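Asks: this one's structure only:
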Ligand code: HEC
Ligand code: HEC
Ligand code: HEC
Ligand code: HEC
Ligand code: HEC
């Protein structure tokens, strides 16, 4: 009552309460940003220079994935199709069309097509497509339903815990060697029983080794 | 007094659900 | 400042090499000379670029071994 109004006793306690809420809200905003779909570029349809539609070439035309990414079951790298594979069809199909101008400008000149990488890794990760495909893991569980994407987007962010989830518990995501095709295939109702049997048959190593640092980082 | 003890209690659990959601079932 | 990582473009071929699997290094048999005398070396090409030099077990004077100059070439 000397130097303070009557309401200050309520305000001071309310201010402390408001301060705590603001602090909690701050940490919340921070975590939401580092896990958002804009920061990780998840569900964002990255625009390509030639506007290639996987939905037209897989679900309509009916091209196999290995016709284009021919190095997926043999090396760590899934091959990105050269202009020769595109000209094999577009030398007669839709020739003299504006949408294929960039593809026709290449192959005549040695310049490549500068596609944008959708699935990106920080170069200290070292992923291997061959070992995953040969051990009964399909593209549906990783890249999603790519066969129906007019523009390819990142289905989910490539966190470390996302790899650790399958490596520690592979019984939930393993499939019986129908990975290249059967994008329509989905986990059966009895996935745990089939998964444990597949892990034993394919010799998928226990989580003790698969969680080691040098399996990924080098 | 007892009302504000309940208020600072609901505030706490509210925050926990909030926080737990973000750091667990969010991705 | 945002988006965690930049765009990172990717530039493939226009005509694929016949015998190369992308992402698989290959080995070629060549020879490295020191003072005019040759030494058979097995050199590794990652994507058409030399990166590592090792010994050629089939070549005398390099039975799976190299000198420091063959490594530093
Ligand atoms: C190499 C990776 C490529 C690229 C860059 C494109 N294709 Fe094809 N394509 C094929 C067929 C039967 C069609 C539809 C024909 C029609 O609509 O009349 C297409 C279509 C396209 C387009 C759109 C053209 C348009 O809308 O007018 C584009 C931009 C495109 N393609 C690019 C057939 C094949 C094929 C199997 C014979 C293969 C392999 C490719 N295409 C490869 C590529
Ligand atoms: C069978 C359904 C598949 C699957 C699972 C994938 N592809 Fe393709 N691919 C082709 C071209 C020209 C590109 C680059 C243009 C673009 O990305 O829009 C790709 C790219 C991909 C990606 C993303 C690459 C990345 O950097 O993230 C993925 C995940 C992918 N492919 C898987 C060409 C073809 C094609 C015609 C030549 C055919 C058919 C397919 N791809 C089929 C598949
Ligand atoms: C063994 C205990 C380790 C250690 C010490 C680290 N890892 Fe991982 N890692 C994997 C993937 C796919 C990523 C990318 C994550 C992302 O893009 O968000 C990482 C990343 C990391 C980091 C963060 C690096 C940084 O922020 O600069 C760190 C510090 C790290 N790793 C250390 C993949 C795996 C994996 C599955 C194959 C496993 C097992 C490990 N990493 C193990 C370890
Ligand atoms: C479930 C769909 C998985 C996801 C997600 C990731 N991986 Fe994996 N990985 C999976 C299986 C079924 C196996 C086979 C295990 C075996 O013992 O054969 C693996 C194995 C690997 C390996 C090779 C193992 C080795 O000993 O060298 C590597 C290098 C690897 N995995 C890397 C990796 C990374 C970096 C991932 C995040 C991008 C990732 N895997 C995810 C299944 C699954
Ligand atoms: C989760 C296991 C996994 C499976 C199985 C898998 N992918 Fe990949 N794919 C990834 C990851 C992780 C990357 C990112 C690689 C990088 O950033 O270097 C990637 C990248 C790619 C790329 C870009 C080129 C490259 O080599 O990185 C293509 C194309 C691709 N995937 C297609 C395929 C095809 C075709 C298959 C065959 C079914 C397949 N994926 C199976 C996880 C997988």
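Replies: Cool, the structure landed. Numbering: from 1, shown residues only, chains lettered A, B, ... in the order given. Ligands and ions are numbered 1, 2, ... in the order given.
Asks: Any idea how many residues pack against the closest residue to ligand 2 within chain B?
Replies: Nearest residue of chain B to ligand 2: residue B:27, at 19.2 Å (Cβ to the nearest ligand atom). Every residue, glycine included, has its C-beta placed from N, CA and C. The number of residues packed near residue B:27 is 13, by other Cβ atoms under 10 Å in any protein chain shown.
Asks: what are the ranges of the strands in chain C?
Replies: For chain C, the strands defined by DSSP state E occupy C:9-10, C:26-33, C:38-45, C:50-55.
Asks: List the contacts of the residue in chain B positioned nearest to ligand 5.
Replies: Chain B approaches ligand 5 most closely through residue B:27 (15.2 Å), counting by Cβ to the nearest ligand atom. Contact analysis of residue B:27 by Cβ atoms under 8 Å, 6 or more residues apart in numbering or on different chains lists A:35, A:156, A:157, A:159.
Asks: Would you mind giving both backbone torsions of the last one?
Replies: To tie it back to what came earlier, the one meant is residue A:159. The phi and psi values for residue A:159, taken as degrees, to the nearest 10, are phi -70, psi 170.
Asks: Measure how buried it is and give me the count.
Replies: 12.
Asks: Likewise for residue B:20?
Replies: 11.
Asks: Secondary structure element for it, which one?
Replies: helix B:2-23 (DSSP states H and E).
Asks: buried set for that helix?
Replies: Within helix B:2-23, the residues scored as buried using 16 or more other Cβ atoms under 10 Å in any protein chain shown are B:15, B:22.
Asks: Which strands and helices lie in contact with that helix?
Replies: helix A:8-33 (3 or more Cβ pairs under 8 Å, 6 or more residues apart in numbering or on different chains; DSSP states H and E).
Asks: Return the list of helices and strands in contact with the helix it packs on.
Replies: helix B:2-23.
Asks: Surely residue A:67 is in contact with residue A:88?
Replies: No - shown here, residue A:67 and residue A:88 do not form a contact pair, counting by Cβ atoms under 8 Å, at 9.6 Å.
Asks: Nearest residue to the residue in chain C positioned nearest to ligand 3 in space, please, no chain neighbours.
Replies: Taking Cβ to the nearest ligand atom, ligand 3 has its nearest neighbour within chain C at residue C:4, 7.6 Å off. Using Cβ to Cβ, 6 or more residues apart in numbering or on different chains and skipping residues adjacent in sequence, the residue nearest residue C:4 is residue A:39, 5.4 Å away.
Asks: So what touches the helix holding residue B:20?
Replies: Contacts of helix B:2-23 (Cβ under 8 Å, 6+ apart): A:17, A:21, A:24, A:27, A:28, A:31, A:32, A:35.
Asks: Now the buried members of those.
Replies: Here, 16+ other Cβ under 10 Å leaves A:24, A:28, A:35 buried among the contacts of helix B:2-23.
Asks: wait, which of the residues you listed is closest to ligand 5?
Replies: Once Cβ to the nearest ligand atom is applied, the member of the buried ones among the contacts of helix B:2-23 that ends up nearest ligand 5 is residue A:35, at 18.1 Å.
Asks: hang on, the closest one packs against residue B:24?
Replies: No - if you go by Cβ under 8 Å, residue A:35 and residue B:24 don't touch, sitting 11.1 Å apart.
Asks: which SSE is the residue of chain B closest to ligand 2 in?
Replies: Short version, using DSSP H and E: residue B:27 is in no helix or strand.
Asks: That one and residue C:9: what is the separation?
Replies: From residue B:27 across to residue C:9, the span is 28 Å (Cβ to Cβ, to the nearest Å).
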